[PDB]
>>> print(open('final-v4.cif').read())   # mmCIF, N, CA and C atoms
data_start
loop_
_atom_site.label_atom_id
_atom_site.label_comp_id
_atom_site.auth_asym_id
_atom_site.auth_seq_id
_atom_site.Cartn_x
_atom_site.Cartn_y
_atom_site.Cartn_z
N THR A 1 0.86 -1.22 0.00
CA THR A 1 0.00 0.00 0.00
C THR A 1 0.88 1.25 0.00
N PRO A 2 1.64 1.44 -1.05
CA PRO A 2 2.55 2.61 -1.19
C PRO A 2 1.80 3.87 -1.61
N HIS A 3 2.54 4.84 -2.13
CA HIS A 3 1.94 6.10 -2.57
C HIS A 3 1.51 5.99 -4.03
N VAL A 4 0.48 6.75 -4.40
CA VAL A 4 -0.02 6.73 -5.77
C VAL A 4 0.25 8.06 -6.46
N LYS A 5 0.47 8.01 -7.77
CA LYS A 5 0.73 9.21 -8.54
C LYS A 5 -0.57 9.78 -9.11
N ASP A 6 -0.75 11.09 -8.98
CA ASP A 6 -1.95 11.74 -9.48
C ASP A 6 -1.63 12.63 -10.68
N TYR A 7 -0.99 13.76 -10.41
CA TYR A 7 -0.63 14.69 -11.47
C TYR A 7 0.88 14.77 -11.64
N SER A 8 1.32 15.46 -12.69
CA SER A 8 2.75 15.61 -12.95
C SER A 8 3.25 16.95 -12.44
N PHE A 9 2.33 17.78 -11.95
CA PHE A 9 2.69 19.09 -11.43
C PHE A 9 2.42 19.18 -9.93
N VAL A 10 1.37 18.49 -9.48
CA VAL A 10 1.02 18.50 -8.07
C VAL A 10 1.20 17.11 -7.46
N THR A 11 2.35 16.90 -6.82
CA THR A 11 2.63 15.61 -6.20
C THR A 11 3.72 15.76 -5.14
N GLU A 12 3.99 14.67 -4.42
CA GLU A 12 5.02 14.69 -3.38
C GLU A 12 6.35 15.17 -3.96
N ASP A 13 6.53 14.98 -5.26
CA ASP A 13 7.76 15.39 -5.92
C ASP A 13 7.64 16.82 -6.44
N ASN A 14 6.66 17.55 -5.91
CA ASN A 14 6.45 18.93 -6.33
C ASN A 14 7.78 19.67 -6.45
N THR A 15 8.17 19.96 -7.69
CA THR A 15 9.43 20.66 -7.93
C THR A 15 9.35 21.46 -9.23
N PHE A 16 9.95 22.65 -9.24
CA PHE A 16 9.93 23.49 -10.42
C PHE A 16 11.09 24.48 -10.41
N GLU A 17 11.70 24.67 -11.58
CA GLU A 17 12.82 25.59 -11.71
C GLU A 17 12.50 26.68 -12.73
N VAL A 18 12.90 27.91 -12.42
CA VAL A 18 12.64 29.03 -13.32
C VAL A 18 13.79 30.03 -13.28
N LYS A 19 14.16 30.55 -14.45
CA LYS A 19 15.24 31.52 -14.54
C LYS A 19 14.70 32.94 -14.49
N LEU A 20 15.22 33.73 -13.55
CA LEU A 20 14.77 35.11 -13.40
C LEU A 20 15.96 36.07 -13.50
N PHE A 21 15.67 37.31 -13.87
CA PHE A 21 16.72 38.32 -14.00
C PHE A 21 16.77 39.20 -12.76
N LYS A 22 17.93 39.27 -12.12
CA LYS A 22 18.10 40.08 -10.92
C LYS A 22 19.18 41.13 -11.12
N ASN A 23 18.85 42.38 -10.81
CA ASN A 23 19.81 43.47 -10.95
C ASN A 23 20.16 44.06 -9.59
N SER A 24 21.04 45.05 -9.58
CA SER A 24 21.44 45.69 -8.33
C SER A 24 20.26 46.43 -7.70
N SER A 25 19.54 45.74 -6.82
CA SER A 25 18.39 46.34 -6.16
C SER A 25 17.91 45.46 -5.01
N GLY A 26 16.65 45.64 -4.62
CA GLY A 26 16.07 44.85 -3.54
C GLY A 26 15.07 43.84 -4.08
N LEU A 27 15.07 42.65 -3.49
CA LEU A 27 14.15 41.59 -3.92
C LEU A 27 12.72 41.94 -3.54
N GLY A 28 11.76 41.25 -4.15
CA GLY A 28 10.35 41.50 -3.86
C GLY A 28 9.85 40.59 -2.75
N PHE A 29 10.73 39.71 -2.27
CA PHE A 29 10.35 38.79 -1.20
C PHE A 29 11.46 38.67 -0.16
N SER A 30 11.10 38.15 1.01
CA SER A 30 12.07 37.97 2.08
C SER A 30 12.06 36.52 2.55
N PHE A 31 13.18 35.84 2.38
CA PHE A 31 13.28 34.44 2.78
C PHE A 31 13.65 34.33 4.26
N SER A 32 13.33 33.18 4.85
CA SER A 32 13.63 32.95 6.25
C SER A 32 14.09 31.51 6.48
N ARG A 33 14.90 31.32 7.52
CA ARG A 33 15.40 30.00 7.85
C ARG A 33 14.87 29.57 9.22
N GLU A 34 13.93 28.64 9.22
CA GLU A 34 13.34 28.17 10.47
C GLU A 34 13.69 26.70 10.72
N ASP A 35 13.29 26.20 11.88
CA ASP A 35 13.56 24.81 12.23
C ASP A 35 12.37 24.21 12.99
N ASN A 36 12.29 22.89 12.99
CA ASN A 36 11.20 22.21 13.68
C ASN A 36 9.87 22.47 12.98
N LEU A 37 9.93 22.63 11.66
CA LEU A 37 8.72 22.89 10.89
C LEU A 37 8.41 21.71 9.98
N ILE A 38 9.40 21.28 9.21
CA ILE A 38 9.23 20.15 8.31
C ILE A 38 10.30 19.09 8.56
N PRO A 39 10.16 18.33 9.61
CA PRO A 39 11.14 17.27 9.96
C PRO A 39 10.99 16.04 9.08
N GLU A 40 9.91 16.00 8.30
CA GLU A 40 9.67 14.87 7.41
C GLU A 40 10.85 14.69 6.45
N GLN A 41 11.57 15.78 6.22
CA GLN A 41 12.72 15.75 5.32
C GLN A 41 13.91 15.08 6.02
N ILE A 42 15.10 15.64 5.80
CA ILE A 42 16.31 15.09 6.41
C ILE A 42 16.53 15.69 7.80
N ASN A 43 17.67 15.36 8.40
CA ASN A 43 17.99 15.88 9.73
C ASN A 43 18.68 17.24 9.63
N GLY A 44 17.95 18.22 9.11
CA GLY A 44 18.50 19.57 8.96
C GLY A 44 17.39 20.59 8.77
N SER A 45 17.68 21.63 7.99
CA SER A 45 16.69 22.67 7.73
C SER A 45 16.88 23.25 6.33
N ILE A 46 15.82 23.86 5.80
CA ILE A 46 15.88 24.45 4.47
C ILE A 46 15.45 25.91 4.51
N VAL A 47 15.47 26.55 3.34
CA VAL A 47 15.07 27.95 3.24
C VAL A 47 13.72 28.07 2.56
N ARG A 48 12.83 28.88 3.14
CA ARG A 48 11.50 29.06 2.57
C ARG A 48 11.12 30.53 2.53
N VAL A 49 10.40 30.92 1.48
CA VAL A 49 9.98 32.31 1.34
C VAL A 49 9.18 32.75 2.56
N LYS A 50 9.30 34.02 2.93
CA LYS A 50 8.59 34.53 4.09
C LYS A 50 7.64 35.66 3.69
N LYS A 51 7.80 36.16 2.46
CA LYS A 51 6.95 37.24 1.99
C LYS A 51 7.04 37.38 0.48
N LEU A 52 5.93 37.75 -0.15
CA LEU A 52 5.89 37.91 -1.60
C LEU A 52 4.96 39.06 -1.98
N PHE A 53 5.29 39.73 -3.08
CA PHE A 53 4.47 40.84 -3.55
C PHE A 53 3.97 40.56 -4.97
N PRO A 54 2.74 40.12 -5.12
CA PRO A 54 2.17 39.81 -6.47
C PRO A 54 2.51 40.87 -7.51
N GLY A 55 2.87 40.42 -8.70
CA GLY A 55 3.23 41.33 -9.78
C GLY A 55 4.73 41.27 -10.05
N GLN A 56 5.48 40.76 -9.08
CA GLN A 56 6.92 40.63 -9.21
C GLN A 56 7.29 39.29 -9.83
N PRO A 57 8.40 39.20 -10.51
CA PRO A 57 8.86 37.94 -11.15
C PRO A 57 8.58 36.72 -10.28
N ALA A 58 9.10 36.74 -9.05
CA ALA A 58 8.90 35.63 -8.12
C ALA A 58 7.42 35.27 -8.05
N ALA A 59 6.58 36.09 -8.66
CA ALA A 59 5.14 35.86 -8.66
C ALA A 59 4.63 35.75 -10.09
N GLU A 60 5.48 36.11 -11.04
CA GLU A 60 5.11 36.06 -12.45
C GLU A 60 5.25 34.63 -12.97
N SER A 61 6.02 33.83 -12.24
CA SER A 61 6.24 32.44 -12.64
C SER A 61 4.92 31.78 -13.02
N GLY A 62 3.90 31.96 -12.18
CA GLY A 62 2.59 31.38 -12.46
C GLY A 62 1.96 30.81 -11.19
N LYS A 63 2.72 29.99 -10.47
CA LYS A 63 2.20 29.39 -9.24
C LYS A 63 3.21 29.52 -8.10
N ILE A 64 3.36 30.73 -7.58
CA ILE A 64 4.29 30.97 -6.49
C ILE A 64 3.55 31.53 -5.28
N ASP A 65 4.07 31.26 -4.08
CA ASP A 65 3.45 31.75 -2.86
C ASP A 65 4.48 31.88 -1.75
N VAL A 66 4.03 32.29 -0.57
CA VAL A 66 4.92 32.45 0.57
C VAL A 66 5.15 31.11 1.26
N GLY A 67 6.23 30.43 0.88
CA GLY A 67 6.55 29.14 1.48
C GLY A 67 7.47 28.34 0.57
N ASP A 68 7.51 28.70 -0.71
CA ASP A 68 8.36 28.00 -1.67
C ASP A 68 9.72 27.70 -1.05
N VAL A 69 10.13 26.44 -1.13
CA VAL A 69 11.42 26.03 -0.58
C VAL A 69 12.51 26.06 -1.64
N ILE A 70 13.52 26.89 -1.42
CA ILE A 70 14.62 26.99 -2.37
C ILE A 70 15.60 25.84 -2.18
N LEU A 71 15.87 25.10 -3.25
CA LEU A 71 16.78 23.97 -3.16
C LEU A 71 18.18 24.36 -3.62
N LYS A 72 18.29 24.83 -4.86
CA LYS A 72 19.58 25.22 -5.40
C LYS A 72 19.48 26.57 -6.12
N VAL A 73 20.62 27.03 -6.64
CA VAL A 73 20.66 28.30 -7.35
C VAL A 73 21.74 28.26 -8.43
N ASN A 74 21.40 27.69 -9.58
CA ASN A 74 22.35 27.59 -10.69
C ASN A 74 23.35 26.46 -10.44
N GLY A 75 22.96 25.51 -9.61
CA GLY A 75 23.83 24.38 -9.30
C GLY A 75 24.74 24.70 -8.13
N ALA A 76 24.20 25.38 -7.12
CA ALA A 76 24.97 25.75 -5.95
C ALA A 76 24.26 25.32 -4.67
N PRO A 77 24.43 24.09 -4.27
CA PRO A 77 23.79 23.54 -3.04
C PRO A 77 24.07 24.41 -1.81
N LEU A 78 23.05 24.60 -0.99
CA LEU A 78 23.18 25.41 0.22
C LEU A 78 23.02 24.55 1.47
N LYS A 79 22.45 23.36 1.30
CA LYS A 79 22.24 22.46 2.42
C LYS A 79 23.51 22.35 3.27
N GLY A 80 23.34 21.92 4.51
CA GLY A 80 24.48 21.78 5.42
C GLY A 80 24.91 23.13 5.96
N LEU A 81 24.99 24.12 5.08
CA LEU A 81 25.40 25.46 5.48
C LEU A 81 24.35 26.09 6.39
N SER A 82 24.67 27.26 6.94
CA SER A 82 23.75 27.95 7.83
C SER A 82 23.18 29.20 7.16
N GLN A 83 22.09 29.72 7.72
CA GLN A 83 21.46 30.92 7.17
C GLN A 83 22.51 31.89 6.65
N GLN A 84 23.67 31.90 7.29
CA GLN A 84 24.76 32.79 6.89
C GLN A 84 25.00 32.69 5.38
N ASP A 85 25.31 31.49 4.92
CA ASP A 85 25.57 31.27 3.50
C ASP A 85 24.33 31.54 2.66
N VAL A 86 23.16 31.44 3.28
CA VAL A 86 21.91 31.67 2.56
C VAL A 86 21.76 33.14 2.18
N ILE A 87 22.00 34.02 3.15
CA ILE A 87 21.90 35.46 2.89
C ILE A 87 23.01 35.91 1.95
N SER A 88 24.17 35.27 2.07
CA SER A 88 25.31 35.62 1.23
C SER A 88 25.07 35.19 -0.21
N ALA A 89 24.73 33.92 -0.40
CA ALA A 89 24.47 33.39 -1.73
C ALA A 89 23.33 34.16 -2.39
N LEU A 90 22.45 34.71 -1.57
CA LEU A 90 21.31 35.47 -2.07
C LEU A 90 21.78 36.59 -3.00
N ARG A 91 22.97 37.12 -2.72
CA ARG A 91 23.52 38.19 -3.54
C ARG A 91 23.57 37.77 -5.01
N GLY A 92 24.10 36.58 -5.26
CA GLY A 92 24.20 36.07 -6.62
C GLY A 92 25.37 36.72 -7.36
N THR A 93 25.25 36.82 -8.67
CA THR A 93 26.29 37.42 -9.49
C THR A 93 25.72 37.97 -10.79
N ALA A 94 25.41 37.07 -11.72
CA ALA A 94 24.85 37.46 -13.00
C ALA A 94 23.34 37.64 -12.89
N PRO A 95 22.76 38.37 -13.80
CA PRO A 95 21.28 38.63 -13.81
C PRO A 95 20.48 37.35 -14.07
N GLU A 96 20.75 36.71 -15.20
CA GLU A 96 20.05 35.48 -15.55
C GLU A 96 20.54 34.33 -14.68
N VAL A 97 19.73 33.95 -13.69
CA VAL A 97 20.10 32.87 -12.79
C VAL A 97 18.96 31.86 -12.67
N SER A 98 19.32 30.58 -12.63
CA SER A 98 18.33 29.51 -12.51
C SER A 98 18.10 29.16 -11.05
N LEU A 99 16.87 29.34 -10.58
CA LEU A 99 16.55 29.04 -9.19
C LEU A 99 15.63 27.83 -9.09
N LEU A 100 16.03 26.86 -8.27
CA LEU A 100 15.23 25.65 -8.08
C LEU A 100 14.35 25.81 -6.85
N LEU A 101 13.06 25.52 -7.00
CA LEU A 101 12.14 25.64 -5.87
C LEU A 101 11.21 24.44 -5.80
N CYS A 102 10.38 24.41 -4.77
CA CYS A 102 9.44 23.31 -4.59
C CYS A 102 8.13 23.83 -4.01
N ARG A 103 7.02 23.42 -4.62
CA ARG A 103 5.71 23.85 -4.16
C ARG A 103 4.85 22.65 -3.77
N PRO A 104 5.01 22.16 -2.57
CA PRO A 104 4.23 20.99 -2.06
C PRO A 104 2.73 21.28 -2.02
N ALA A 105 1.93 20.22 -1.97
CA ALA A 105 0.48 20.37 -1.93
C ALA A 105 0.04 20.92 -0.58
N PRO A 106 -1.14 21.47 -0.52
CA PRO A 106 -1.70 22.05 0.74
C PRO A 106 -1.93 20.98 1.81
N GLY A 107 -1.26 21.14 2.95
CA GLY A 107 -1.40 20.19 4.04
C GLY A 107 -0.03 19.78 4.57
N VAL A 108 1.02 20.27 3.93
CA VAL A 108 2.38 19.95 4.35
C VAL A 108 2.99 21.11 5.14
N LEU A 109 2.60 22.33 4.77
CA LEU A 109 3.11 23.52 5.45
C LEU A 109 1.96 24.33 6.05
N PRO A 110 1.46 23.91 7.18
CA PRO A 110 0.34 24.61 7.87
C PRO A 110 0.82 25.82 8.68
N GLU A 111 0.37 27.00 8.27
CA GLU A 111 0.75 28.23 8.96
C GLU A 111 0.30 28.19 10.42
N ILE A 112 1.13 28.74 11.30
CA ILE A 112 0.80 28.76 12.72
C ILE A 112 -0.13 29.92 13.05
N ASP A 113 -1.03 29.70 14.00
CA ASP A 113 -1.98 30.73 14.40
C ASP A 113 -1.40 31.59 15.52
N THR A 114 -0.97 32.80 15.17
CA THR A 114 -0.39 33.70 16.16
C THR A 114 -1.50 34.33 17.02
N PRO A 115 -1.18 34.72 18.22
CA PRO A 115 -2.17 35.35 19.15
C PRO A 115 -3.11 36.31 18.42
N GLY A 116 -4.39 36.21 18.73
CA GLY A 116 -5.38 37.08 18.10
C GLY A 116 -6.76 36.88 18.71
N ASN A 117 -7.72 37.70 18.30
CA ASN A 117 -9.08 37.60 18.82
C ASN A 117 -9.73 36.30 18.37
N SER A 118 -9.51 35.93 17.11
CA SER A 118 -10.08 34.70 16.57
C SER A 118 -9.13 34.07 15.55
N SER A 119 -8.96 34.74 14.42
CA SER A 119 -8.08 34.24 13.37
C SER A 119 -6.63 34.26 13.84
#
>>> encode(input="final-v4.cif", output="structure tokens")
Amino acid sequence: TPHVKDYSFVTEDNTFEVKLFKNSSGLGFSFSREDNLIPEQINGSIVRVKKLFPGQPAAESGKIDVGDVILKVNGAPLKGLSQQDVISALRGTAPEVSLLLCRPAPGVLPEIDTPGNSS
């Protein structure tokens, strides 16, 4: 009774890469490095988007949101390293860069309910 395949875009292997142009300026999103969120993976941590502004490339891709997990960047693994290398590598170099990301199905990354009246 293993896992079954449904779609080629929405599955446990949810993965997508897109090349975007970045110039000397500020990004439209802010990434963050957290822990104890998705232990289903390996014994470490990954980088996930923390904010996005619709209309920007990171949103022009087609199906992007606040949570996309960045895997690589033009063939430059970041795993093992600490947020330090994450913010540094974020700088990049050339404009045209290939960024690897992953968009898992709804139910894997449940947002936490911060103090409030109801919501």
>>> atom_distance(input="final-v4.cif", atom1="atom CA of residue A:19", atom2="atom CA of residue A:74")
9.0 Å
>>> closest_atom_pairs(input="final-v4.cif", of="stretch 4-73 of chain A", to="stretch 84-99 of chain A", cutoff="7 Å", atoms="all atoms listed in the file", output="JSON lines")
{"residue": "A:16", "atom": "C", "partner": "A:99", "partner_atom": "C", "distance": 5.8}
{"residue": "A:17", "atom": "CA", "partner": "A:99", "partner_atom": "C", "distance": 4.4}
{"residue": "A:18", "atom": "C", "partner": "A:99", "partner_atom": "N", "distance": 4.2}
{"residue": "A:19", "atom": "CA", "partner": "A:97", "partner_atom": "C", "distance": 4.2}
{"residue": "A:20", "atom": "N", "partner": "A:97", "partner_atom": "C", "distance": 4.3}
{"residue": "A:21", "atom": "CA", "partner": "A:95", "partner_atom": "C", "distance": 3.9}
{"residue": "A:22", "atom": "N", "partner": "A:95", "partner_atom": "C", "distance": 3.7}
{"residue": "A:23", "atom": "N", "partner": "A:95", "partner_atom": "CA", "distance": 5.4}
{"residue": "A:70", "atom": "CA", "partner": "A:99", "partner_atom": "C", "distance": 6.8}
{"residue": "A:71", "atom": "N", "partner": "A:99", "partner_atom": "C", "distance": 6.5}
{"residue": "A:72", "atom": "C", "partner": "A:99", "partner_atom": "CA", "distance": 4.9}
{"residue": "A:73", "atom": "CA", "partner": "A:99", "partner_atom": "CA", "distance": 4.6}
>>> write_last_selection(input="final-v4.cif", atoms="N, CA and C atoms", output="compact mmCIF listing (two decimals), keeping the file's coordinate frame")
# COMPACT_ATOMS: atom_id res chain seq x y z
N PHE A 16 9.95 22.65 -9.24
CA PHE A 16 9.93 23.49 -10.42
C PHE A 16 11.09 24.48 -10.41
N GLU A 17 11.70 24.67 -11.58
CA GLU A 17 12.82 25.59 -11.71
C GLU A 17 12.50 26.68 -12.73
N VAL A 18 12.90 27.91 -12.42
CA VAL A 18 12.64 29.03 -13.32
C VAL A 18 13.79 30.03 -13.28
N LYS A 19 14.16 30.55 -14.45
CA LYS A 19 15.24 31.52 -14.54
C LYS A 19 14.70 32.94 -14.49
N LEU A 20 15.22 33.73 -13.55
CA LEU A 20 14.77 35.11 -13.40
C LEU A 20 15.96 36.07 -13.50
N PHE A 21 15.67 37.31 -13.87
CA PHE A 21 16.72 38.32 -14.00
C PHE A 21 16.77 39.20 -12.76
N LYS A 22 17.93 39.27 -12.12
CA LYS A 22 18.10 40.08 -10.92
C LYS A 22 19.18 41.13 -11.12
N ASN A 23 18.85 42.38 -10.81
CA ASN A 23 19.81 43.47 -10.95
C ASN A 23 20.16 44.06 -9.59
N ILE A 70 13.52 26.89 -1.42
CA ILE A 70 14.62 26.99 -2.37
C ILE A 70 15.60 25.84 -2.18
N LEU A 71 15.87 25.10 -3.25
CA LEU A 71 16.78 23.97 -3.16
C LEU A 71 18.18 24.36 -3.62
N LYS A 72 18.29 24.83 -4.86
CA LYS A 72 19.58 25.22 -5.40
C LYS A 72 19.48 26.57 -6.12
N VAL A 73 20.62 27.03 -6.64
CA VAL A 73 20.66 28.30 -7.35
C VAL A 73 21.74 28.26 -8.43
>>> residues_around(input="final-v4.cif", residues="residue A:47", least_positions_apart="3", cutoff="8 Å", atoms="only N, CA and C atoms", output="tab-separated table (two decimals) with N, CA and C atoms, in the coordinates of the input")
chain	number	residue	atom	x	y	z
A	31	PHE	N	13.18	35.84	2.38
A	31	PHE	CA	13.28	34.44	2.78
A	31	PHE	C	13.65	34.33	4.26
A	32	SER	N	13.33	33.18	4.85
A	32	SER	CA	13.63	32.95	6.25
A	32	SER	C	14.09	31.51	6.48
A	33	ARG	N	14.90	31.32	7.52
A	33	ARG	CA	15.40	30.00	7.85
A	33	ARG	C	14.87	29.57	9.22
A	34	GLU	N	13.93	28.64	9.22
A	34	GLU	CA	13.34	28.17	10.47
A	34	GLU	C	13.69	26.70	10.72
A	50	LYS	N	9.30	34.02	2.93
A	50	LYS	CA	8.59	34.53	4.09
A	50	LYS	C	7.64	35.66	3.69
A	67	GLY	N	6.23	30.43	0.88
A	67	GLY	CA	6.55	29.14	1.48
A	67	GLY	C	7.47	28.34	0.57
A	68	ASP	N	7.51	28.70	-0.71
A	68	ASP	CA	8.36	28.00	-1.67
A	68	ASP	C	9.72	27.70	-1.05
A	69	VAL	N	10.13	26.44	-1.13
A	69	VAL	CA	11.42	26.03	-0.58
A	69	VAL	C	12.51	26.06	-1.64
A	70	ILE	N	13.52	26.89	-1.42
A	70	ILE	CA	14.62	26.99	-2.37
A	70	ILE	C	15.60	25.84	-2.18
A	71	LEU	N	15.87	25.10	-3.25
A	71	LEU	CA	16.78	23.97	-3.16
A	71	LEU	C	18.18	24.36	-3.62
A	79	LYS	N	22.45	23.36	1.30
A	79	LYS	CA	22.24	22.46	2.42
A	79	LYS	C	23.51	22.35	3.27
A	86	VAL	N	23.16	31.44	3.28
A	86	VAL	CA	21.91	31.67	2.56
A	86	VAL	C	21.76	33.14	2.18
>>> atom_distance(input="final-v4.cif", atom1="atom C of residue A:101", atom2="atom C of residue A:78")
13.9 Å
>>> select_by_dssp(input="final-v4.cif", residues="stretch 4-115 of chain A", states="helix (DSSP H, G or I)", output="NGL selection string")
:A and (57-60 or 83-89)
>>> closest_residue(input="final-v4.cif", among="A:1, A:119, A:82, A:30", to="residue A:46", atoms="only C-alpha atoms")
A:82
>>> closest_residue(input="final-v4.cif", among="A:63, A:38, A:25, A:14", to="residue A:108", atoms="all atoms listed in the file")
A:38
>>> select_by_dssp(input="final-v4.cif", residues="stretch 33-74 of chain A", states="strand (DSSP E or B)", output="list in words")
residues 33, 47, 48, 49, 69, 70, 71, 72 and 73 of chain A
>>> closest_residue(input="final-v4.cif", among="A:112, A:100, A:105, A:27", to="residue A:75", atoms="only N, CA and C atoms")
A:100
>>> atom_distance(input="final-v4.cif", atom1="atom CA of residue A:24", atom2="atom CA of residue A:60")
19.4 Å
>>> closest_residue(input="final-v4.cif", among="A:80, A:15, A:49, A:26", to="residue A:65", atoms="all atoms listed in the file")
A:49
>>> residues_around(input="final-v4.cif", residues="stretch 8-13 of chain A", least_positions_apart="3", cutoff="8 Å", atoms="only N, CA and C atoms", output="PyMOL selection string")
chain A and resi 4-5+16+102-105
>>> closest_residue(input="final-v4.cif", among="A:114, A:42, A:62, A:54", to="residue A:28", atoms="all atoms listed in the file")
A:54
